[PDB]
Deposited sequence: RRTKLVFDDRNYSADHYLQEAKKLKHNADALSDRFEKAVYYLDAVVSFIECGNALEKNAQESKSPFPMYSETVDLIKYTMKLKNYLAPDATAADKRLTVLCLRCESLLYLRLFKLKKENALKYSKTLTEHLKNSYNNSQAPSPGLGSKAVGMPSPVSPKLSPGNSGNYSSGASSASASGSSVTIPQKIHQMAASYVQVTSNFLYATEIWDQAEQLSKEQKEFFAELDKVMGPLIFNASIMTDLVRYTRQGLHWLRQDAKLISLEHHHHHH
């Protein structure tokens, strides 16, 4: 067993993008699904590195979103639920799901401000509009279109961590099935922490796991 030693020379968001694109076009031009997915996942981490480098001198939202799309494509390659699925396929899938979960959670986190005060005004008006459509009794609803767009966007950015939570839990569950591989990987890297691991932690974790997979 060997641990990657990691270069601290942080580059420009541009450098990681041609890295990612090259790994990805390397993936695009190969036969064996497994092979493809590995390179796709390597491409993915370079894409993540690029987004991280955007966040250093401030927007990474599009880059991250499209990266989660490339992760779903990749997972649909050697589907871990297939009955022939190998341990390698399942470990690959786990790494994919960690990247996808924490990516979703970052996509959210970029719009946390929006989400919070949107929640305030929305809670207020989703009571005003309702109290005003019901004639009192002594003894469809119509909303301002601003309120409507604010509802649309609130659901938009809250969806991202609904996905993050659910996918995080799939990663944990499927990880129990490769308890040893991921026990050792958590040993040498430290385990990923939902809400605490930054993008560089994820990048290195994923790189190390990809390294062991390519070594078999």
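What the model leaves out of the deposited chain are the segments 1, 60-63, 145-180, 258-270.
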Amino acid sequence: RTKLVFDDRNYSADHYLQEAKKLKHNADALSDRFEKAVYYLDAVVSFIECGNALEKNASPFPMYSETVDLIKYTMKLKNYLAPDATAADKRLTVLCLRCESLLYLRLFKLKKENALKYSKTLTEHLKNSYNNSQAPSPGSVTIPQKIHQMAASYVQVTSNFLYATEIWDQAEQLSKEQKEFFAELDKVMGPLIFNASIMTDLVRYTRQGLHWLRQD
From here on, numbers count along this sequence of modelled residues.
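Mean C-alpha B-factor is higher over 76-84 than over the other stretch, the pair under comparison being 76-84 and 98-106.
Higher mean CA B-factor, judged across 110-118 and 89-97 from the recorded values: 110-118. When the C-alpha B-factors of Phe182, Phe34, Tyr163, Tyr64 are ranked from the entry, the top spot goes to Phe34. You'll see in the entry that, of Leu30, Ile167, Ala151, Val44, the Cα B factor peaks at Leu30. For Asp186, the recorded CA temperature factor ranks within the lowest third of the chain's modelled residues. Annotation for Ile48: C-alpha temperature factor in the lowest third relative to the rest of the modelled chain, per the entry. Among the modelled residues of its chain, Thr200 has a C-alpha B-factor that falls in the lowest third according to the deposited record. Per-chain ranking of the deposited C-alpha B factor places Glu172 in the lowest third.
Sort the modelled residues of the chain by CA B factor and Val68 lands in the lowest third.
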